[PDB]
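Structure first, then comments.
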2 protein chains.
Amino acid sequence: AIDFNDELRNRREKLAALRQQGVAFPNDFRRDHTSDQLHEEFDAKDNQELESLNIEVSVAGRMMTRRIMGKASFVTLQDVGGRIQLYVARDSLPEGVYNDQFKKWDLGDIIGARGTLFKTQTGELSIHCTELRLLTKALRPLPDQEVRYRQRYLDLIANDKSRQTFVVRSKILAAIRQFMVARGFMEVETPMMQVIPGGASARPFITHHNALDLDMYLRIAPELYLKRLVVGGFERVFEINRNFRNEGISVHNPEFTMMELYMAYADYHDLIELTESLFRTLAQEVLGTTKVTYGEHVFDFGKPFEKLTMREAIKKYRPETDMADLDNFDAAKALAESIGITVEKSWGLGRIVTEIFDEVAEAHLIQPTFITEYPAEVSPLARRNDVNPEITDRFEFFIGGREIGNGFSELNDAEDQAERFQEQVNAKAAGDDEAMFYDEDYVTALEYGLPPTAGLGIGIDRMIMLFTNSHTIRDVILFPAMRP
Amino acid sequence: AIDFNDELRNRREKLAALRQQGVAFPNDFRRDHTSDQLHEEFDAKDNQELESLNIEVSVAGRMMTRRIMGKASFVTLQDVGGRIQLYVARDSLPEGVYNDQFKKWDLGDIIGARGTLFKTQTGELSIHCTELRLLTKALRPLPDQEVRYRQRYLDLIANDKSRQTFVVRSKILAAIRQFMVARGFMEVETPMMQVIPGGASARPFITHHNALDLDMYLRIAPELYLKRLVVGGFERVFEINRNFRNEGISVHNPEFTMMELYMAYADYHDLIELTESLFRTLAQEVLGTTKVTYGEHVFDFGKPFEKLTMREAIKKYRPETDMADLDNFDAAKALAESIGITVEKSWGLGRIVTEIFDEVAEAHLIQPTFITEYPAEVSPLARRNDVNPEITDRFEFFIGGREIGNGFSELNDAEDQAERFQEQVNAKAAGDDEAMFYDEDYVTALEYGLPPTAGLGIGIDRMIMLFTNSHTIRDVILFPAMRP
Ligand SMILES: N[C@@H](CCCC[NH3+])C(=O)O
Ligand SMILES: N[C@@H](CCCC[NH3+])C(=O)O
């Protein structure tokens, strides 16, 4: 209780002493090795080898543990690559350093060490220090469960598993890029600020551009811009970046990372194949196996995902459903309301059926699953099905009961797109706050001619969860949006 | 004039006919080669070789030119990789296709072709088509100078040089990532929406989070978050993404791409070296040479950048300056005002001197140049110089008379950081609308201990300009913010 306030006072006082001696915060020590490198190269060597090799190295990091035993001490130093042992002895260091400096430092302090590699009696790799310095005085001791999110730096210092999660996120993004580029896709950057938001249905964030006296929107999706690029001739493009949806912070984050990709002369079937390869590749290359453990489940990304139509999923998860009800507006509305769905005045049959699917099946799609036949009403940007114009060549895919991706054969029929935008404008007029805005320039782009194309959006944060056994999106986002 | 309205009517009518025949917009044709691949592999082969090799391929793209000559025609097809010639003959295609379909198509139409490779009498690589299809009817004919920005898709269809510019941008970003990762840097993602904006000085964009009834800011820089990651132990991190500054759209874009990188146990000198290697590497790997032509200049990224202190730059570009004036507030204010700078009440000597440097020297820094010794007043996040506390270990670097990067040894002195934040709060109270907000959590992070570190921000859009001979930032941003 009070012992903490003493740690603080003690560290301040030690800092005051440093200031009196000269420059309290230097920037001069240079390391030439991180712990992981030392382990990779030297863990397999016994003390006899290291003795003859006589390898001197320099490391730096946070002093995590210290056991002072008179004339000698043992320190665990934690850097970007993990931890390495330091053997700190009075007579190995320059005169006075051990007793007048080292012993006065505190756990949490950033230190630098140079010395010779060897192995302890316990067989651990260690550095027999010949030089040791205090680089940064830590004014605070080493560290609900919200603290992890409000002070992620404390989470990263303390928890090896949190660190590994974020290192894996970076490995996954790099591997996605490598996967995409190998398939001839080119990464592009489209606006975050848009005059007309689109490419999805969501309440947007609005901001005022002080200069051009205009109201701008943070993007809910880059879709309409990416398809303009395909019209332009960039027939294989992808973008990995944020979308912003003014929903709630219900562990949901207002901003999240999405990858969208478009490939001309392909349909949704090609996206299905690409999705399966991507997951199999990521699992194999990043995790070492195609069988991934997530909670109480195992996902085999080496086997094809399940494929069901939206109606098959509804029937499978609410077997008592009279499927004929989904063909009649009144019946579908009644069914929807009976399962707790508030049916808005603007909704049509296709929207109601989709909402029923969400309520009924989504949570149960645990194993990787593609759900096809999304109604036209809820897919204003998707190609109509040749046989039944009321459904589109669109799928969403789910893993662990969450939506991971959304893909479709793109609507390249400009006149149809205009009509569908108009319907969305009518829906907003009828109360649909999330309906799409009419985008004339986008229609114009389609009039110049969009090649037949397939596009896919994949929630990167959700994907990261599945590969790191995280069960809240907040565990894979470095700095989650936190309530004040 | 009226001939355009006829093109439109004609294309609509042809589309109407397509609709009557069946599905006007199919998604079925699959290609197996792009033009660039065909050229790479087959340009060096003469007609004798191609005749015996008898290689059949499938391509698809926009019909750019067509010369109909009775029973045979020549078409230029433009895809993602460039252009390839098609030889379209009545008797080579299935019955009726040539006369009843092909001849009725229009330039701009997206078409698919399968056929055998050969070389024309002119020595050009061409495809003797055996199958040809209309994939997408173009309802509009092929395309101030603002149109390029308002309809970038038209710019990309029409101008090979615009395309190449954006292909190079993507190559540069990929090469930057490859350069960074090779040096042990890990790419991370920090928030675009922040409760407290910081890491730079600029008027921000504000947006309301409908849910959490809170006002949020689009980030002006990710700096404060990235340094929290270094405290956390991610000692080599970088982020490449947008910043948003509510300035003007004076060809300046409200949102732009920046790379920020941080490396612990390094100072600004290491950033200088990294900057030089990065540019030399990018030029060599992407452009094929270290000597880069930009406008009327040539930049040799194979030779060290020039290095001048801020004062040396002022003296060099306004030689008549009595340098002693920069040591006296009144004198400096008078000097500043005499060159047209409006000196605000909140400004101190360091700010005035920096403003003088901007007015006097910035535009003249054509050859790659580092400018050191930035005053403390204008560098609230930078490490103080050991000898003179009123300047910081900070530099900015310029090329082509524009600021390309900003880097410094990081301030890891928590108590100093708090004081400097307080000064920034005072500056805002005194009228500085762009002054930094006090960030308590950031100070707390520094109290846990930030290793000595060097950080650098590089304007990616400006960098792209220098490598593509573009002279407005709008030429390297796919969809520039355009006035309504
Ligand atoms: N824009 C979609 C992803 C791409 C769908 C195919 N065009 C979304 O935000 O869900
Ligand atoms: N945050 C700086 C770049 C990094 C400077 C070094 N910490 C900027 O926006 O200019």
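Here, residue 1 is simply the first one shown, and the rest follow in order.
The deposited model was determined using X-ray crystallography, 2.1 Å.
Using N, Cα and C of the backbone, Cβ positions are placed for all residues, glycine too.
According to Swiss-Prot:
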MOD_RES   B:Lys103  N6-acetyllysine
BINDING   B:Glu396, B:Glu403  Mg(2+) 1 binding site
BINDING   B:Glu403  Mg(2+) 2 binding site
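The Cα of B:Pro143 and the Cα of B:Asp144, which border 7 unmodelled residues, are 14 Å apart. In three-state terms derived from DSSP, B:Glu396 (Mg(2+) 1 binding site) belongs to an extended strand segment. A sphere of 10 angstroms centred on the C-beta of B:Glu403 (Mg(2+) 1 binding site) encloses 15 other C-beta atoms. Under the DSSP three-state reduction, B:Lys103 (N6-acetyllysine) is assigned to helix.
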